[PDB]
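Q: Here you go, one structure.
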Amino acid sequence: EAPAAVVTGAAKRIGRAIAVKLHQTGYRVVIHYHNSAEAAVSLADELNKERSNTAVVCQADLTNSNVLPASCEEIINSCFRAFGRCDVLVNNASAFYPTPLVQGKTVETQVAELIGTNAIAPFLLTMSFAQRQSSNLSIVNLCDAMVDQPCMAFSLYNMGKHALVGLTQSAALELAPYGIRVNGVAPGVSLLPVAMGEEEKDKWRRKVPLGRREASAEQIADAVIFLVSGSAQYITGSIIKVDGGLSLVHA
Amino acid sequence: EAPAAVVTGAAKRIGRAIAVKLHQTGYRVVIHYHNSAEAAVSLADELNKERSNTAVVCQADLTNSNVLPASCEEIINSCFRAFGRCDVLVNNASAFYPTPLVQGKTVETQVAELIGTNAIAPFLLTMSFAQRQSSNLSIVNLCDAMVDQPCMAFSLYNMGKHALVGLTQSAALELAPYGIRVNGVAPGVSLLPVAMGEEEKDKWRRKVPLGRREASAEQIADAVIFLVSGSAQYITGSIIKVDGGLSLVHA
Amino acid sequence: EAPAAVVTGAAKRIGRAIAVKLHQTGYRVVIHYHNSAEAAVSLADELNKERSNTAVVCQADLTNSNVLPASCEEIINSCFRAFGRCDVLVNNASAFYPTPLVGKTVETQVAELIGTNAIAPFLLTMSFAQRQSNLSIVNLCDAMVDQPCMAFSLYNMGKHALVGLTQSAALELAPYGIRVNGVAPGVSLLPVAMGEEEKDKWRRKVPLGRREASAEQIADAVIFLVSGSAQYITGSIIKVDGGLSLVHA
Amino acid sequence: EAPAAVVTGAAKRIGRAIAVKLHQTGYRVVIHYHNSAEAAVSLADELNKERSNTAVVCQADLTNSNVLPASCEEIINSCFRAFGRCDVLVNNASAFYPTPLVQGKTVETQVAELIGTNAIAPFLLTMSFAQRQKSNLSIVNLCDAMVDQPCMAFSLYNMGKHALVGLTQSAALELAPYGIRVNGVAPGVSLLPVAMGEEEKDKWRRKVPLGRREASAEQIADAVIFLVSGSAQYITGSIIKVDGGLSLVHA
Ligand SMILES: NC(=O)c1ccc[n+]([C@@H]2O[C@H](COP(=O)([O-])OP(=O)(O)OC[C@H]3O[C@@H](n4cnc5c(N)ncnc54)[C@H](OP(=O)(O)O)[C@@H]3O)[C@@H](O)[C@H]2O)c1
Ligand SMILES: NC(=O)c1ccc[n+]([C@@H]2O[C@H](COP(=O)([O-])OP(=O)(O)OC[C@H]3O[C@@H](n4cnc5c(N)ncnc54)[C@H](OP(=O)(O)O)[C@@H]3O)[C@@H](O)[C@H]2O)c1
Ligand SMILES: NC(=O)c1ccc[n+]([C@@H]2O[C@H](COP(=O)([O-])OP(=O)(O)OC[C@H]3O[C@@H](n4cnc5c(N)ncnc54)[C@H](OP(=O)(O)O)[C@@H]3O)[C@@H](O)[C@H]2O)c1
Ligand SMILES: NC(=O)c1ccc[n+]([C@@H]2O[C@H](COP(=O)([O-])OP(=O)(O)OC[C@H]3O[C@@H](n4cnc5c(N)ncnc54)[C@H](OP(=O)(O)O)[C@@H]3O)[C@@H](O)[C@H]2O)c1
Ligand SMILES: Nc1nc(N)c2c(-c3ccccc3)c(-c3ccc(Br)cc3)[nH]c2n1
Ligand SMILES: Nc1nc(N)c2c(-c3ccccc3)c(-c3ccc(Br)cc3)[nH]c2n1
Ligand SMILES: Nc1nc(N)c2c(-c3ccccc3)c(-c3ccc(Br)cc3)[nH]c2n1
Ligand SMILES: Nc1nc(N)c2c(-c3ccccc3)c(-c3ccc(Br)cc3)[nH]c2n1
């Protein structure tokens, strides 16, 4: 029978691309979302129309809180519900905005959001994924290739992305006895943020040595697909950059 | 007059060695502690017996919560109250224990203590240290040379230490325009846990290529006070391992 | 027409599996070898007997010396002569033996270890870039580069050099559309030569399945990096180590 | 009795600054040099005026060749003949010029020079240092903080420096039983070529978060002094960036 995948924040952009490619590949999918209800379901529609009863949505806030453990357990239960199993988890949902260390939301809701989405939620979803368990179980976390050359005033965001690296590695180690492989994919400049002015998008595009453009979500998705495939059966603890060389450029 | 430093989790072991070294090099010191009140006031007595009015204790749970921001603000304030300045902050305090992904603290609490002590409280304390500001201002984060080869089942801890790497870097970037340098010191195996039985202590020592033993607490302190000193005026963002070669030893 | 690939040290073990997989994917191949000439011409038969005229062999010593640049120029040149093109270069060949800080001369140890693992790869890359689709290079790195074997420093030195090439050439060749990346095995394809004790010694260390990578698992990552699914990947090095580099002493 | 150090390319600039400081710390010094005989000797003199019979010079080419092992072995013997002991070795001489991949030394020569100076000579020097020694014995390699963010068209230089990281770690591990520590110091932007236009110099300075200026050679030397000191006695395999945050700045 077909294998099943959760993708968090899958309604749009890189998560959507990841869900769709998983689906094209043969996976059933749980499309998680938080605010983007309509677009989660029009994606479920498009997927179901290709193959019936192979895409469900599932809603949750992944901010850090007393209920996040329960919420994450439910994101996983929702895959066991819909489809009777969970083979793959993709931690993609991510909050991303500035948090200057100096003044010239409150700071703890910033902690909860940035940290929760980017680290703690992936950790709990990792627990829950593992608890339930010729399989090919793997997890893939959306990392950041610029993690060691971070943007100005984004410390919390970066602490979250650093912790996810930490999680990737710890969980790879601890869960390899179970055959649960844990890897990551590190976009650099990919789909630019929607509000960003077009002249700012071009600035960033120009930085990238491979063809002076951002990666398509599709291109990110391909690195994910590879890591979930049987061609990655010996890979765990690896974080593939997909950055066009961006991480290599000195200031 | 004499500079002032805050050392978190300073009552004993490595934090006490830092406090002491900074005091001998001529700093006044805030000795932050959590539960170890006796050892803390005992340390501050010794240090004030050496040099009257140069040491204070300040108490605070560094567990993550919505008041942790004010608790950190107050640690910094305590230093400005007692001494009129704050030149150096050492982020030493840390919670350490297994958090197995697969199986009595709640996980939420496990998250709050492990992330909050090793990453969030430092972020917050950095913000406040920055906010409150001839001078040689620096921060020194106690990190972990094994961060990329972590203990089995210490994933929340390892995510906190990783995030602490991220802060060190992002903060160093963000606060260099203020002349605030931000660096780290990364033990490997130093003073073993108080209640580890000698036999297990030795398994760990035998792994150290340089001497087959652990770093004394002073050996850690030395790296700290180097990084604080004017012999490091241009160092920012560096984390210095003090692991006697252990991170280089493969399995 | 079908793309072409150079694989160094492709007569046997990982290098061979890589030449084979690239052939299955529809590439023509230049099979480089040094001493393993019998194996090398046998491989070429297999592949040519499967698709005619799609494999040649090419002998070279990749030890550092003043004729290396010429040797490396000629390996690339061999691919152009045999196939009219060269889309992919795989730096695989590598010398591997202890060189303690306390057989052969230290100058011969330097020239074999640094040559094979670093200098030939740099030379071959140069020649590859200068003779010019989905063009790219894959360097076989080493997942244990930052946690090495005791006494293997010339070797390690080579591998570190390789990382730097991989990055330096990734960045430099990008405006020419050449991608450069790496695959980094942990403990892989253990010989029958090694003792059961010593083979089990390494196998016990690997978190994922208590075993070494197969030649073909290392090759899989290679072909992923040359494929149209890696078009935005350059500068990247993929560990394929079953968790080994995450294991503390 | 006074300890003794070898410093390669000690005539000028950073290595001289290292020699001076080792000297001012109490070291007798071997000042090695290749073409700068006149400044080598003027330094030997300046130092010997300070303390008689504490500084010699030793000329050699450190390009890779059949005679490099012997030339390196001599350099070490030179310190032994002069001072009766070899305590510290600082590998600092480096060739540095662009070697583009794509269309007037021959490439064989460039290899020999860039890899010999940066990598093979430090290895051969490390062998002989070690061979003689079988206390506070340490080696310090001058590394590069931009080694993973390389300058465009400096592949052979970058390979050199990369191999050097590899030696540091390899040697640290292997020489640890002999009590010999092996560390590195990783300048980012220090002394700019004398002849480089100030307008070109400023483009590098302005990159540097910490004070928008290059490291002085004494700042680099402060890190080396630390590494050789008794404060660094458990420190091996470590590389300390001295870069004012430039390694942290993205494109
Ligand atoms: N874009 C890039 O160039 C880039 C660069 C480096 C790394 N990455 C990483 O690659 C991944 C994908 O990036 P992206 O730009 O596609 O992400 P994105 O557009 O910022 O957001 C991804 C999704 O995360 C979900 N999300 C945000 N906050 C949440 C919360 N509190 N609870 C639950 N879900 C939440 C959102 O879902 P709803 O819309 O359903 O509310 C959103 O659609 C991320 O992990 C990102 O950090 C991306
Ligand atoms: N020891 C090692 O071998 C080693 C290895 C790697 C890294 N490091 C790092 O070096 C630093 C010192 O190590 P160590 O072994 O001396 O640390 P430790 O004794 O395990 O912890 C130091 C102190 O941190 C404080 N702390 C713990 N939980 C807290 C909470 N919720 N709120 C406030 N404070 C809390 C405690 O103070 P009270 O006693 O007053 O409660 C504790 O005494 C740590 O960051 C550690 O991770 C040490
Ligand atoms: N095997 C592992 O576990 C492992 C681990 C980490 C990294 N890697 C890397 O992955 C790659 C493949 O590994 P491997 O174990 O398959 O390699 P291997 O069998 O040790 O060597 C492969 C080939 O390199 C060639 N070679 C050696 N010295 C040479 C010289 N002076 N000139 C030209 N060619 C020479 C030999 O060709 P001939 O037989 O024709 O003489 C040999 O067949 C290597 O770069 C290796 O370092 C492997
Ligand atoms: N300055 C920087 O910004 C920077 C940045 C990153 C790393 N570093 C590293 O820090 C170290 C010192 O840098 P620096 O700028 O002061 O050095 P440098 O001036 O570029 O060169 C140092 C010395 O190396 C010697 N040298 C060159 N080729 C040689 C050969 N074939 N054999 C023997 N010696 C040779 C020269 O000695 P003679 O003059 O006697 O011929 C020269 O004075 C170097 O290893 C460098 O790579 C420096
Ligand atoms: N969830 C999420 N969304 C994003 N949109 C980004 C973006 C993003 C922001 C601006 C332009 C392109 C991508 C990044 C990001 C991280 C480090 C650096 Br250096 C640069 C960008 N992380 C991100 N994470
Ligand atoms: N606050 C704190 N206390 C500690 N006692 C440790 C210890 C510690 C405990 C037992 C034996 C050696 C060290 C560590 C630690 C970090 C990485 C690895 Br791999 C292993 C342990 N972090 C620690 N952090
Ligand atoms: N060209 C080449 N051949 C090899 N056979 C190896 C081997 C190898 C060694 C022992 C058993 C099997 C393969 C490795 C290798 C590198 C780092 C560590 Br830590 C351990 C092994 N590199 C290698 N490179
Ligand atoms: N032996 C040597 N000398 C130098 N003068 C440099 C310089 C240097 C040359 C000009 C301006 C600034 C520094 C560098 C260097 C390292 C990383 C980058 Br990204 C760029 C240059 N390495 C060097 N190595």
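Scheme for the structure tokens: letters A, B, ... for chains in order shown; per-chain residue numbers from 1; ligand numbers from 1 in order shown.
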Fewer than 6 positions away in the same chain doesn't count, so skip those; otherwise give me all residues within 6 Å of range 161-173 of chain A, counting only C-alpha atoms, as a JSON list (two decimals) with N, CA and C atoms, in the first residue's frame.

A:
[["chain", "number", "residue", "atom", "x", "y", "z"],
["A", 118, "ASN", "N", 10.44, 26.76, 14.63],
["A", 118, "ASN", "CA", 11.69, 26.43, 13.93],
["A", 118, "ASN", "C", 12.46, 25.28, 14.64],
["A", 119, "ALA", "N", 12.08, 24.93, 15.87],
["A", 119, "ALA", "CA", 12.83, 23.95, 16.68],
["A", 119, "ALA", "C", 11.95, 23.03, 17.53],
["A", 181, "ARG", "N", 15.55, 7.68, 9.48],
["A", 181, "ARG", "CA", 16.66, 8.45, 9.02],
["A", 181, "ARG", "C", 16.24, 9.90, 9.23],
["A", 182, "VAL", "N", 17.18, 10.78, 9.58],
["A", 182, "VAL", "CA", 16.87, 12.18, 9.83],
["A", 182, "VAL", "C", 17.86, 13.07, 9.07],
["A", 236, "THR", "N", 21.94, 9.71, 6.97],
["A", 236, "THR", "CA", 21.18, 10.27, 8.08],
["A", 236, "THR", "C", 22.13, 11.28, 8.69],
["A", 237, "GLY", "N", 21.58, 12.32, 9.31],
["A", 237, "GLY", "CA", 22.42, 13.39, 9.83],
["A", 237, "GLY", "C", 23.00, 14.39, 8.83],
["B", 155, "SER", "N", 18.72, 15.52, 23.34],
["B", 155, "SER", "CA", 18.45, 16.34, 22.18],
["B", 155, "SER", "C", 17.97, 17.76, 22.48],
["B", 158, "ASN", "N", 21.05, 19.66, 23.52],
["B", 158, "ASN", "CA", 21.94, 19.89, 22.38],
["B", 158, "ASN", "C", 21.41, 20.97, 21.44],
["B", 159, "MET", "N", 20.09, 21.07, 21.37],
["B", 159, "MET", "CA", 19.41, 22.12, 20.61],
["B", 159, "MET", "C", 19.61, 23.49, 21.28],
["B", 162, "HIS", "N", 23.24, 24.36, 20.67],
["B", 162, "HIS", "CA", 23.34, 24.79, 19.28],
["B", 162, "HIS", "C", 22.81, 26.20, 19.10],
["B", 163, "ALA", "N", 21.64, 26.47, 19.67],
["B", 163, "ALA", "CA", 21.05, 27.79, 19.58],
["B", 163, "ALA", "C", 21.98, 28.82, 20.18],
["B", 166, "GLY", "N", 24.27, 29.94, 17.76],
["B", 166, "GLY", "CA", 23.61, 30.86, 16.87],
["B", 166, "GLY", "C", 23.56, 32.24, 17.42]]

Q: Write as number ranges by chain the residues around ligand 1, taking 8 Å as the cut-off and counting only C-alpha atoms and all ligand atoms.

A: A: 8-15, 32-37, 40, 60-63, 91-96, 113-114, 116-118, 141-146, 161, 185-193, 214-215, 217

Q: Taking only C-alpha atoms and all ligand atoms into account, report as number ranges by chain which residues have an atom no farther than 7 Å from an atom of ligand 4.

A: D: 8-15, 33-37, 60-63, 92-96, 113, 117-118, 142-145, 186-192

Q: Could you list the protein, DNA and RNA residues that have any atom within 6 Å of ligand 7, counting only C-alpha atoms and all ligand atoms, and write them as a compact mmCIF listing (two decimals) with C-alpha atoms, in the first residue's frame?

A:
# COMPACT_ATOMS: atom_id res chain seq x y z
CA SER C 94 42.72 8.27 -3.84
CA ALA C 95 45.74 6.99 -2.01
CA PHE C 96 45.25 5.89 1.53
CA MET C 144 35.44 12.01 8.98
CA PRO C 148 40.43 11.59 11.41
CA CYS C 149 42.35 8.34 11.69
CA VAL C 187 33.06 3.79 6.49
CA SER C 188 32.20 2.17 3.17
CA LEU C 190 35.25 -2.75 3.69

Q: So these two share a sequence; what Cα RMSD do you get laying chain A over chain B, all Cα, in order, least squares?

A: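 With chain A fitted onto chain B, the C-alpha RMSD reads 1.0 Å.
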
Q: Determine which residues of chain A sit within 10 Å of chain B, taking into account only C-alpha atoms, and present them as a ChimeraX atom specification.

A: /A:64-69,100-104,106-109,111-112,115,119-120,123-133,147-171,173-175

Q: Can you write out the residues you just picked, keeping C-alpha atoms, as a compact mmCIF listing (two decimals), in the first residue's frame?

A:
# COMPACT_ATOMS: atom_id res chain seq x y z
CA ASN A 64 5.52 27.06 21.74
CA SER A 65 2.92 26.51 24.53
CA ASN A 66 1.58 24.04 27.20
CA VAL A 67 -0.57 22.49 24.38
CA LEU A 68 2.04 22.14 21.61
CA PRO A 69 2.93 18.60 22.66
CA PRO A 100 16.62 43.34 17.22
CA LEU A 101 18.65 42.95 20.43
CA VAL A 102 18.36 46.68 20.99
CA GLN A 103 15.52 49.22 20.91
CA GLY A 104 16.46 52.91 20.28
CA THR A 106 6.19 40.96 23.09
CA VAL A 107 9.64 39.42 23.21
CA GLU A 108 8.30 36.20 24.71
CA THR A 109 5.72 35.66 21.97
CA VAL A 111 10.52 33.44 21.49
CA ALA A 112 7.50 31.16 21.43
CA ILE A 115 11.70 29.06 18.59
CA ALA A 119 12.83 23.95 16.68
CA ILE A 120 10.49 22.85 19.44
CA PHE A 123 11.26 18.21 18.14
CA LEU A 124 7.80 17.19 19.46
CA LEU A 125 6.64 16.12 16.01
CA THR A 126 9.88 14.09 15.96
CA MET A 127 9.05 12.44 19.38
CA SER A 128 5.53 11.74 18.26
CA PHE A 129 6.67 10.38 14.86
CA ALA A 130 9.10 8.05 16.62
CA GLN A 131 6.75 6.91 19.42
CA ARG A 132 4.24 5.43 16.92
CA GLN A 133 6.89 3.15 15.34
CA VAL A 147 22.86 29.77 9.43
CA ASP A 148 26.49 30.77 10.24
CA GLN A 149 26.27 34.05 8.22
CA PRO A 150 22.87 35.26 9.52
CA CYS A 151 20.84 38.42 8.71
CA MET A 152 21.10 41.46 10.89
CA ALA A 153 18.70 41.57 13.85
CA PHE A 154 17.34 38.00 13.32
CA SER A 155 18.96 36.38 16.38
CA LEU A 156 15.93 34.36 17.62
CA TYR A 157 15.13 33.15 14.13
CA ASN A 158 18.71 32.05 13.79
CA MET A 159 18.81 30.40 17.25
CA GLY A 160 15.80 28.39 16.07
CA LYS A 161 17.45 27.35 12.84
CA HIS A 162 20.62 26.50 14.82
CA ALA A 163 18.63 24.28 17.24
CA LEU A 164 17.05 22.48 14.28
CA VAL A 165 20.55 21.50 13.06
CA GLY A 166 21.08 20.30 16.65
CA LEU A 167 17.80 18.35 16.50
CA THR A 168 18.64 16.90 13.07
CA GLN A 169 21.87 15.49 14.45
CA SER A 170 20.63 14.31 17.84
CA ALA A 171 17.58 12.65 16.36
CA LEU A 173 21.77 9.47 16.20
CA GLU A 174 19.10 8.42 18.60
CA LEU A 175 16.63 7.10 16.04

Q: Could you work out which residues of chain C fall inside 7 Å of chain D? Count only C-alpha atoms, and format the result as a short mmCIF file (atom, residue, chain, number, x, y, z; two decimals) with C-alpha atoms, in the first residue's frame.

A:
data_model
loop_
_atom_site.label_atom_id
_atom_site.label_comp_id
_atom_site.auth_asym_id
_atom_site.auth_seq_id
_atom_site.Cartn_x
_atom_site.Cartn_y
_atom_site.Cartn_z
CA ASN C 66 55.63 18.42 -12.78
CA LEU C 101 54.57 12.20 12.37
CA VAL C 102 56.98 9.88 14.24
CA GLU C 107 58.46 13.24 -0.43
CA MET C 126 41.03 23.17 -14.46
CA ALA C 129 36.68 23.99 -17.05
CA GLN C 130 39.01 25.10 -19.82
CA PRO C 148 40.43 11.59 11.41
CA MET C 150 45.38 8.36 13.87
CA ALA C 151 48.51 8.81 11.75
CA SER C 153 47.53 13.32 8.31
CA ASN C 156 43.49 14.02 5.90
CA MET C 157 45.33 17.03 4.58
CA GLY C 158 44.39 16.01 1.05
CA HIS C 160 40.57 18.96 3.63
CA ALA C 161 42.20 20.50 0.54
CA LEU C 162 39.48 18.81 -1.48
CA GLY C 164 38.37 23.81 -0.25
CA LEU C 165 38.60 23.01 -3.93
CA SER C 168 36.57 27.47 -4.45
CA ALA C 169 35.65 25.82 -7.74
CA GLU C 172 34.50 30.25 -9.49
#

Q: Show me, as a ChimeraX atom specification, every residue of chain C with an atom at most 6 Å from chain A, counting only C-alpha atoms.

A: /C:174,207-208,220,229,232-236,239-240,242-243

Q: Pull the closest atom pair for each residue of chain C that gets at most 9 Å from ligand 6, along with the distance in Å to one decimal, counting only C-alpha atoms and all ligand atoms, ordering rows by chain and then ascending residue number, as a tab-separated table.

A:
residue	atom	partner	partner_atom_place_in_ligand_line	distance
C:247	CA	ligand 6	19 (Br)	8.7
C:248	CA	ligand 6	19 (Br)	6.1
C:249	CA	ligand 6	19 (Br)	8.4

Q: Please produce a file of the residues just selected, as a PDB file, in the first residue's frame, where the atoms kept are C-alpha atoms.

A:
ATOM      1  CA  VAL C 247      29.255   9.493  17.183  1.00  0.00           C
ATOM      2  CA  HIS C 248      31.454  10.792  19.976  1.00  0.00           C
ATOM      3  CA  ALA C 249      34.512   8.892  21.252  1.00  0.00           C
TER       4      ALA C 249
END

Q: Restrict the calculation to only C-alpha atoms, then for each residue of chain D with any atom at most 6 Å from an atom of chain A give the closest atom pair and their distance in Å to one decimal, rows by chain and rising residue number, as JSON lines.

A:
{"residue": "D:149", "atom": "CA", "partner": "A:248", "partner_atom": "CA", "distance": 4.6}
{"residue": "D:248", "atom": "CA", "partner": "A:149", "partner_atom": "CA", "distance": 4.6}
{"residue": "D:249", "atom": "CA", "partner": "A:149", "partner_atom": "CA", "distance": 5.5}
{"residue": "D:250", "atom": "CA", "partner": "A:149", "partner_atom": "CA", "distance": 5.2}
{"residue": "D:251", "atom": "CA", "partner": "A:251", "partner_atom": "CA", "distance": 4.3}

Q: Which neighbours of residue 6 in chain C fall inside 12 Å, counting only C-alpha atoms, when residues of the same chain fewer than 2 positions from it are skipped, and could you give them as a PyMOL selection string?

A: chain C and resi 3-4+8-10+15-16+18-20+22-23+27-33+54-58+72+74-80+82-83+85-93+121+124-125+127-128+135-139

Q: Quick check, in Å to one decimal: how far apart do atom 4 (C, counted along the ligand's line) of ligand 3 and CA of residue 199 in chain C lie?

A: 13.5 Å

Q: Please determine, counting only C-alpha atoms and all ligand atoms, which residue among C:68, C:114, C:17, C:189 has the shortest atom-to-atom distance to ligand 3.

A: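 For ligand 3, the nearest of the given residues is C:189.
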
Q: Could you pull out the strand (DSSP E or B) residues of range 85-248 of chain A from DSSP and send them as a PDB file with N, CA and C atoms, in the first residue's frame?

A:
ATOM      1  N   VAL A  88       6.998   9.463   6.424  1.00  0.00           N
ATOM      2  CA  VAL A  88       7.821  10.631   6.247  1.00  0.00           C
ATOM      3  C   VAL A  88       7.187  11.833   6.939  1.00  0.00           C
ATOM      4  N   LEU A  89       8.034  12.651   7.560  1.00  0.00           N
ATOM      5  CA  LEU A  89       7.662  13.914   8.174  1.00  0.00           C
ATOM      6  C   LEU A  89       8.580  15.016   7.607  1.00  0.00           C
ATOM      7  N   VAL A  90       8.007  16.137   7.192  1.00  0.00           N
ATOM      8  CA  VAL A  90       8.767  17.276   6.717  1.00  0.00           C
ATOM      9  C   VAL A  90       8.408  18.498   7.562  1.00  0.00           C
ATOM     10  N   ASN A  91       9.404  18.992   8.303  1.00  0.00           N
ATOM     11  CA  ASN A  91       9.242  20.139   9.177  1.00  0.00           C
ATOM     12  C   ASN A  91       9.627  21.359   8.383  1.00  0.00           C
ATOM     13  N   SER A 138      11.785   8.326   7.178  1.00  0.00           N
ATOM     14  CA  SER A 138      12.759   9.401   7.286  1.00  0.00           C
ATOM     15  C   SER A 138      12.068  10.682   7.725  1.00  0.00           C
ATOM     16  N   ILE A 139      12.858  11.614   8.236  1.00  0.00           N
ATOM     17  CA  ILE A 139      12.395  12.938   8.559  1.00  0.00           C
ATOM     18  C   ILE A 139      13.293  13.927   7.829  1.00  0.00           C
ATOM     19  N   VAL A 140      12.735  15.052   7.415  1.00  0.00           N
ATOM     20  CA  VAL A 140      13.507  16.070   6.712  1.00  0.00           C
ATOM     21  C   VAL A 140      13.121  17.401   7.306  1.00  0.00           C
ATOM     22  N   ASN A 141      14.087  18.139   7.797  1.00  0.00           N
ATOM     23  CA  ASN A 141      13.868  19.426   8.378  1.00  0.00           C
ATOM     24  C   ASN A 141      14.360  20.526   7.429  1.00  0.00           C
ATOM     25  N   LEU A 142      13.565  21.583   7.289  1.00  0.00           N
ATOM     26  CA  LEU A 142      13.982  22.727   6.463  1.00  0.00           C
ATOM     27  C   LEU A 142      14.854  23.642   7.282  1.00  0.00           C
ATOM     28  N   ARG A 181      15.552   7.681   9.478  1.00  0.00           N
ATOM     29  CA  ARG A 181      16.664   8.454   9.017  1.00  0.00           C
ATOM     30  C   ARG A 181      16.238   9.900   9.227  1.00  0.00           C
ATOM     31  N   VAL A 182      17.175  10.776   9.584  1.00  0.00           N
ATOM     32  CA  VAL A 182      16.866  12.185   9.831  1.00  0.00           C
ATOM     33  C   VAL A 182      17.859  13.068   9.070  1.00  0.00           C
ATOM     34  N   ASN A 183      17.352  13.869   8.146  1.00  0.00           N
ATOM     35  CA  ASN A 183      18.200  14.749   7.349  1.00  0.00           C
ATOM     36  C   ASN A 183      17.652  16.136   7.243  1.00  0.00           C
ATOM     37  N   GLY A 184      18.314  17.026   6.500  1.00  0.00           N
ATOM     38  CA  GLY A 184      17.817  18.390   6.351  1.00  0.00           C
ATOM     39  C   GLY A 184      18.077  18.973   4.983  1.00  0.00           C
ATOM     40  N   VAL A 185      17.398  20.043   4.643  1.00  0.00           N
ATOM     41  CA  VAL A 185      17.597  20.710   3.375  1.00  0.00           C
ATOM     42  C   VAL A 185      17.638  22.214   3.686  1.00  0.00           C
ATOM     43  N   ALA A 186      18.697  22.891   3.206  1.00  0.00           N
ATOM     44  CA  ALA A 186      19.017  24.245   3.589  1.00  0.00           C
ATOM     45  C   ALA A 186      18.968  25.160   2.390  1.00  0.00           C
ATOM     46  N   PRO A 187      17.794  25.698   2.150  1.00  0.00           N
ATOM     47  CA  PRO A 187      17.678  26.790   1.164  1.00  0.00           C
ATOM     48  C   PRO A 187      18.590  27.955   1.594  1.00  0.00           C
ATOM     49  N   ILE A 239      22.808  17.472   5.866  1.00  0.00           N
ATOM     50  CA  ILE A 239      22.019  18.667   5.600  1.00  0.00           C
ATOM     51  C   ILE A 239      22.512  19.136   4.250  1.00  0.00           C
ATOM     52  N   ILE A 240      21.677  18.987   3.250  1.00  0.00           N
ATOM     53  CA  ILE A 240      22.065  19.308   1.937  1.00  0.00           C
ATOM     54  C   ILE A 240      21.717  20.792   1.809  1.00  0.00           C
ATOM     55  N   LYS A 241      22.721  21.590   1.467  1.00  0.00           N
ATOM     56  CA  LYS A 241      22.519  22.984   0.988  1.00  0.00           C
ATOM     57  C   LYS A 241      22.000  22.972  -0.425  1.00  0.00           C
ATOM     58  N   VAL A 242      21.099  23.893  -0.692  1.00  0.00           N
ATOM     59  CA  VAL A 242      20.596  24.137  -2.041  1.00  0.00           C
ATOM     60  C   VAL A 242      20.546  25.652  -2.154  1.00  0.00           C
TER      61      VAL A 242
END

Q: Excluding range 202-212 of chain D and its own-chain neighbours fewer than 2 positions away, which residues fall within 6 Å of it when counting only C-alpha atoms? Please give them as a list in words.

A: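 Within the cut-off, the hits are residues 176 of chain B; 199, 200, 214, 244, 245 and 246 of chain D.
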
Q: Generate a file of the selected residues that holds C-alpha atoms, formatted as an mmCIF file, in the first residue's frame.

A:
data_model
loop_
_atom_site.group_PDB
_atom_site.id
_atom_site.type_symbol
_atom_site.label_atom_id
_atom_site.label_comp_id
_atom_site.auth_asym_id
_atom_site.auth_seq_id
_atom_site.Cartn_x
_atom_site.Cartn_y
_atom_site.Cartn_z
ATOM 1 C CA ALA B 176 29.987 44.917 17.116
ATOM 2 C CA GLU D 199 40.623 53.021 -1.792
ATOM 3 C CA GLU D 200 40.970 49.187 -2.288
ATOM 4 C CA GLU D 214 41.700 45.358 9.683
ATOM 5 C CA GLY D 244 36.240 41.246 14.115
ATOM 6 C CA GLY D 245 33.208 39.398 12.846
ATOM 7 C CA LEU D 246 33.975 39.387 9.090
#

Q: Could you tell me how far CA of residue 214 in chain C sits from atom 22 (C, counted along the ligand's line) of ligand 3, in Å to one decimal place?

A: 14.2 Å

Q: Between atom 18 (C, counted along the ligand's line) of ligand 5 and CA of residue 238 in chain C, what distance in Å does the model show, to one decimal?

A: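 For atom 18 (C, counted along the ligand's line) of ligand 5 relative to CA of residue 238 in chain C, the distance reads 21.1 Å.
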